[PDB]
Structures are given as structure tokens and as C-alpha cells.
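Worksheet for the structure shown next.
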Amino acid sequence: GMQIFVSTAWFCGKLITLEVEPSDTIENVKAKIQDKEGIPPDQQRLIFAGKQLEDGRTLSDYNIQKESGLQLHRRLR
Amino acid sequence: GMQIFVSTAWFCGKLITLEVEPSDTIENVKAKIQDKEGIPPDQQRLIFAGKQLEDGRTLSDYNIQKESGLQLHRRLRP
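Chains as they are written, first to last, in PDB author numbering: chain G, 0 to 76; chain L, 0 to 77.
Take a look at the structure:
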């Protein structure tokens, strides 16, 4: 016998494309998928390379240029 | 304006648990998830750490220990 795990992220996850102006704060950022993916900005846990982010913060503190990707995670309050 | 992307991999994804023998083959676990989460083992592209693996070849040749993880990817066509 042997236990084994299988990750479904690269099968179930999506590769979504967003187009907004840089004038966004973390508190206002998550909501944009409630139009597109339809999710309340309550379980959205957003990770960029390395650390997570605090609500309502700029992009400049996280330095996102054109055509970048963001890791999505689900949170609990 | 500017273009940007977001990947919902670890958000919409789900970790699944399977327990089989280490001498088995790839369709088995690919059937096990079909038995577990229900996806045809032909739209399932599995990638254990390193190489893109194929069925028939022995899991022993891939040196998978107990409690190991695989990245399951979708398949367009063979």
C-alpha cells in the first residue's frame, strides 16, 4: 500500500485575463471578479510573488507592470 | 490602460487523496480519480515531479514514495 496525492489546480483552475487601470487598492481589487467570475471579495486570498497583501493597499507597494499574473487562493474570513 | 492576468489554479483547485500500491501504473490512479473526482483518463495529463509521464510504465520506475503529490493537467488531444 501507498498513499498518493493529486493536484487539480492546473486542471480546475482558470487563466483569466483582466483589464483595469492602475488606480486600484487591494480592497477594491478583489471585487472585479464578481462581475467576471462572480465571487464576493471575502474568500479571495491574493498572493503575489512571495508575500500576500493587506487590504486597500496600492499596486506600487507591490510593483505590478503590464501583462502580469497573480496567484489566486481561497480564504476563510 | 494595461493588460494583466490572474490564475485561479489554487483557488478553484482541490487536493485529493489516493492510496494504491507503488508497483501500479498510471491509468489506475487516473481511473482512481475518475472513481474519486470523475474525469476521463484521456483528458487527464498527469505530471509527477520532473517528467511528463505516460501510462503503462511502472510507477516504480518513477520512485513515488507514500504520501506523494501529482499535478493533474487537462488534455487537449493526443
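Using N, Cα and C, we set each Cβ at its ideal position, and we do this for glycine too.
Query - Option in L:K31, L:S6, L:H72, L:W9 with minimal Cα separation from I46 (chain L) - result: L:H72
Requested in this report: Taking all protein chains shown into account, decide if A8 (chain G) is buried (16 or more other Cβ within 10 angstroms of its Cβ) or exposed.
Outcome: By the 16-neighbour rule on beta-carbons within 10 angstroms, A8 (chain G) is buried.
Requested in this report: Could you tell me whether the Cβ of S59 (chain L) comes closer than 8 Å to any Cβ of chain G?
Outcome: So, not an interface residue.
Query raised in the report: Is the number of C-beta pairs between the stretch 62-72 of chain G and the stretch 33-48 of chain G that are closer than 8 Å three or more?
Result: yes
Query raised in the report: What does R44 (chain G) pair with, by DSSP beta-bridge criteria?
Result: G:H72
Query - chain L residues whose Cβ lies nearer than 8 Å to that of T7 (chain G) - result: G12, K13, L14, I15, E36, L71
Query raised in the report: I38 (chain L) by DSSP, collapsed to three states: which one?
Result: Coil.
Report task. Check whether the Cβ atoms of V19 (chain G) and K29 (chain G) sit closer than 8 Å, and answer yes or no. Result -> no
Query raised in the report: Along the chain, which unbroken stretches of the beta strand (DSSP E) at least 3 residues long are found entirely within the stretch 5-33 of chain G?
Result: 14-17
Report task. Return the CA-CA distance between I38 (chain G) and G12 (chain L), expressed in angstroms with no decimal places. Result -> 15 Å
Query raised in the report: Residues of chain G with a CB under 9 Å from the CB of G55 (chain L): which are they?
Result: By Cβ distance, chain G contributes nothing, its closest Cβ being about 18 Å from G55 (chain L), past 9 Å.
Query - Own chain residues within Cβ distance below 6 Å of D54 (chain G), not counting five before or after - result: Answer for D54 (chain G): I25, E26, listed in chain order.
Report task. Compute the distance between the beta-carbons of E36 (chain L) and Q2 (chain G), then report whether it is under 8 Å. Result -> Cβ distance not < 8 Å, so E36 (chain L) and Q2 (chain G) don't count as in contact.
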